[PDB]
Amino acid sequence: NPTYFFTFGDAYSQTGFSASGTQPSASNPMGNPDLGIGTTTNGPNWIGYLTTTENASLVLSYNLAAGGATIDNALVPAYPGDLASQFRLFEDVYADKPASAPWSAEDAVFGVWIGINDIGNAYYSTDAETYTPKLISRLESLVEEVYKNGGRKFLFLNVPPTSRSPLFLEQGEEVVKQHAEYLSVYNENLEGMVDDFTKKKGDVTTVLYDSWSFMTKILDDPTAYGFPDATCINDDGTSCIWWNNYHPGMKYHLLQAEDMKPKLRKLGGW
């Protein structure tokens, strides 16, 4: 009946879900905390909207994303809850298909949105062309853990244009440009990995969602989407693209979830 939606990522995805908090159910698909709590948006984020607003059938959200996460602290380090640690939490609690989340290959979707903080911390100190393959390869080996558990449906979001967040705009247009060039190489290598994984496994269902082009379209013509400009900040999450200087608000996240829905039909919950 349900789609079990396990997500992994950083503060663009965090909701504050605890593996010991109330677990997801049909009456409470997010589990914990309440829908709209725990995000960097002032309200629901893209996962809350995909689970409760844009869903075509019952989706249960197990959201392991943690703020500030990089892929693996052995590569670009930041916070303890890196992506590797999120996969370890999955291994510890959900990989064995417990009664609270008795998932199978046909009804589990694994969504990963990572790379914002790897790029944000490493864009001027590392070489994109040789370093981002190392980041992407570690992402692939983490995915491989879930593949060996039996997972077969995967959603990857590429990195949005955080180069044009207020946090980077204030550092100067040349810094925006340097970050954006690094980010573009990361996203190219992400696409190559997802394509190669899909073809080599042969039994997976995958979606690569181009969040970069979507958010860029909004930033390039903000008033067409109800925003006064591409640079203002408002903690209401709706008057501006940006909720704070580095994270977009709930209105942006809703627009993204609505854009995602038709692309996610093949994954079973949309």
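All residue numbers refer to positions in the sequence shown, first residue = 1.
For the pair 32 to 40 and 223 to 231, the record assigns the higher mean C-alpha temperature factor to 223 to 231. Legend: mean Cα B-factor per stretch from the PDB entry, 99 to 107 versus 146 to 154; the higher mean is in 99 to 107. Among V112, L89, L167, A122, the highest C-alpha B-factor recorded in the PDB entry belongs to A122. Considering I116, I71, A180, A128 together, the PDB entry gives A128 the largest C-alpha B factor. In the PDB entry, a CA B factor belonging to the highest third of its chain's modelled residues is recorded for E173.
In the PDB entry, a CA B factor belonging to the middle third of its chain's modelled residues is recorded for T3. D236: CA B factor lies in the highest third for its chain, per the PDB record. Ranked by C-alpha B-factor against the other modelled residues of its chain, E54 falls in the middle third. Remark: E140 belongs to the middle third of its chain, ranked by C-alpha B-factor as recorded.
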